[PDB]
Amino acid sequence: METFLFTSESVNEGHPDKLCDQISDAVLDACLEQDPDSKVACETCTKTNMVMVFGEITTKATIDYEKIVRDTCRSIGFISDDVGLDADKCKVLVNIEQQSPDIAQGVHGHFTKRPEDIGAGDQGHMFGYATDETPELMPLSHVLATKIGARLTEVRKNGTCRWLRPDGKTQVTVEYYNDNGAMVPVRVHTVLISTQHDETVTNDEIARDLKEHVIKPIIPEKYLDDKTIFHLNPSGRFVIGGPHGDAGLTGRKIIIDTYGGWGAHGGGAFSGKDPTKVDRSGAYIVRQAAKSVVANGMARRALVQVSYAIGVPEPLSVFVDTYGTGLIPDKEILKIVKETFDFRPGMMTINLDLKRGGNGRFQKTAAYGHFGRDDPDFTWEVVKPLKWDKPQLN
């Protein structure tokens, strides 16, 4: 058994970049709840005692940008200068304008084009990935780092670890075997957690609590052994956190948002964008495509690329690769995927019901990742039946 090490990280809801992603998606949800046809490109940035929302929104919604910022900051736990931002005292800056008329005519003819004619809202390329190594058909390295980060938030909010503050990051090194291009986890090599904390707790109590309350409950017993390496607040002190410790921006966690370094990324951020922004509706459809290929048993792993030009509905390219694990040739998987999914932006919006905001639909997507999640609002997680002849059947 020749093995290799692969590492992915995560950050929880209180990381200053993820805070911005969550605020950006709070603004989106708010615009859509009132005006489903909202054009939203909402960017957020944060530093000590400052939040700025900026970019382009055309909506009929009545929005107060200041209340959405201050509410999002509050629910996450940023309620004093001690935890790294005070939702009720921080400066909130707004530089939001309507979408360029030049973009609006090409994309959606100023709200006049029919679904099937809606152009991509920008150029770019997006990838979808899926792997049979976990039930959610995601990479184990990403899934553990992410589920450890969610746990880290949960034990802060349920009172299991009262010493926790909101800002935390995780990283997991998984030791893998390649089985004919499929990825088979062997064991967890290294676990890293860095978490903000108050001045009541010793580093021995942090190490103990993280192993017992956060790590052992999330990682399957069979991947943990007495050689697994643990780094637990390795910097030795994490009291100052959130924006007070580090400025955050929307769209600076795009690998954490997706597959943790597995598959590929076309580089587009998701948060604060309505679904004419193919960066988001396009990546979601290619995840649904990649997942459907693995879930139907057509392959053990699959990577799908799509690409767009602004004002053009049809994709410029589509790629399927199954890393040698496909049970039919990759070009027939490409033909089945092209027959089965509509990559036109106006169609993707409707097929995935992405014009619904409210009940934090998108805000929920803006921490703990966009993919591998079971909430029915994650409509791109629903597997589509695919038509093919399985080698094993007559």
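Residue indices: 1-based, along the sequence shown.
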Unmodelled in at least a third of other entries of this protein, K89: no
Coordinates lacking for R114, a third or more of other entries: no
Ranked by mean Cα B-factor in the entry, 284-292 and 200-208, top stretch is 200-208
Which wins on mean Cα temperature factor, 14-22 or 371-379? 371-379
Per the PDB entry, maximal CA B factor within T250, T131, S307, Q99: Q99
When the CA B-factors of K227, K273, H142, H265 are compared as recorded in the entry, which is the largest? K227
Can you tell me which third, lowest, middle or highest, the CA B-factor of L303 falls into for its chain? lowest
Quick one: classify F6 as lowest, middle or highest third of the chain based on its Cα B-factor. lowest
CA B-factor ranking of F238, expressed as a third of its chain: middle
Quick tally, chain-level thirds of C-alpha B-factors: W163 sits in the middle
When the deposited Cα B-factors of this chain's modelled residues are ordered and cut into thirds, is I350 in the lowest, the middle or the highest one? middle
